Every structure is written in C-alpha cells, then in structure tokens.
Amino acid sequence: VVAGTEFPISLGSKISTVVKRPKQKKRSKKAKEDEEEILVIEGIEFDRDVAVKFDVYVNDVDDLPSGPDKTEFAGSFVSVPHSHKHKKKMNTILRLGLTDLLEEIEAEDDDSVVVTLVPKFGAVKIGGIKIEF
Ligand SMILES: [Ca+2]
C-alpha cells in the first residue's frame, strides 16, 4: 500500500493506493450520473526503446487487504519499443472508465476506491493517480 503523496513512484512491483472519487460525489453519489467517471494515471514516463506494460485493477476500499483478492480489471498501459527523432523518453497518460466498474464491484456508495498497478515489463515512472469527470 502506497500513499497518494508517495507519487511520483517507480513501478518496480505491484502497488495499491487509495484514490478519492470526485468531490461532487461526496454530497450526492449520483451526481453527474450521465457523465463517465474517469481514472487518470498521470505522468507515465519511460524510455521509448523499452517495451512497457502495466495492468490496472480497482477494488472496494472497504475490502480486507489481508483478505482474498476482489480486484477488478480496469485497463492496461502498453508501449511498444521505438525510436523518436528528438526524444529519448515518452511522457504520457492513461484514462480508464470507471462508471460500470463501480456498479459491478458494488462500490458506488463509497467515497474512494483502491487502485492497483501491476507492472508486467519495462521500467516506468507513474506521476500520479486521480479520478475526475
Ligand atoms: Ca464499500
């Protein structure tokens, strides 16, 4: 488990972190219900000649971390190795839709969720994680 203020981090192993839902959800959990709630993984940085892949999962913040795995796949970041005429590195972002996922895991009443990042290959830095509309 990693605190939100621990980012930026090097994703050398599987990590999880508690991510707050958007502020409007605090007063009314159905605020902005016809808009997609989006998980944003910011400041993804790596050398372009290194293949990168990490997978993203979400679980209910109230689950026991010492208990069985209840994580739900949300998406993946993939980069294929390449060269670039004036950049050694790429600095990018990943956005994943959460609205259906939160309904499926039955966490739509919660104010935060747990986001797990699972590195598969490649050295990569993660700048930050947030949820917004
Ligand atoms: Ca819950």
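When reading the values below, keep in mind they use all heavy atoms of this one structure, side chains included, and skip hydrogens, waters and symmetry mates. One-based numbering, in listed order, for ligands and for the atoms of each. Numbers here simply count residues along the sequence, with the first being 1.
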Partners passing ring-ring contact (aromatic ring centres under 6.0 Å, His included) against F121 (at least two apart in sequence or in another chain): none
Residue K70 excluded, over 12 heavy atoms near NZ under 6.0 Å: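 More than 12 heavy atoms, drawn from other residues, nucleotides or ligands, come within 6.0 Å of this atom.
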Joint cluster assignment, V115 & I105, ILVMFWY side-chain distance < 4.5 Å: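 Both belong to a single hydrophobic cluster.
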Nearby protein N/O/S atoms (those under 3.0 Å) for the Ca ion (ligand 1), with water ignored: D60 OD1, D60 OD2, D62 OD2, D110 OD1, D110 OD2
Cluster companions of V80 among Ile, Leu, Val, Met, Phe, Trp, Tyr (side-chain spacing under 4.5 Å):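 Members besides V80: none; it forms no cluster.
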Results of side-chain hydrogen bond (donor to acceptor under 3.5 Å, both in side chains) for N91 - residues two or more places apart only: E45
Carboxylate-amine/guanidinium contact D34 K32, below 4.0 Å: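 No, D34 and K32 are not salt-bridged.
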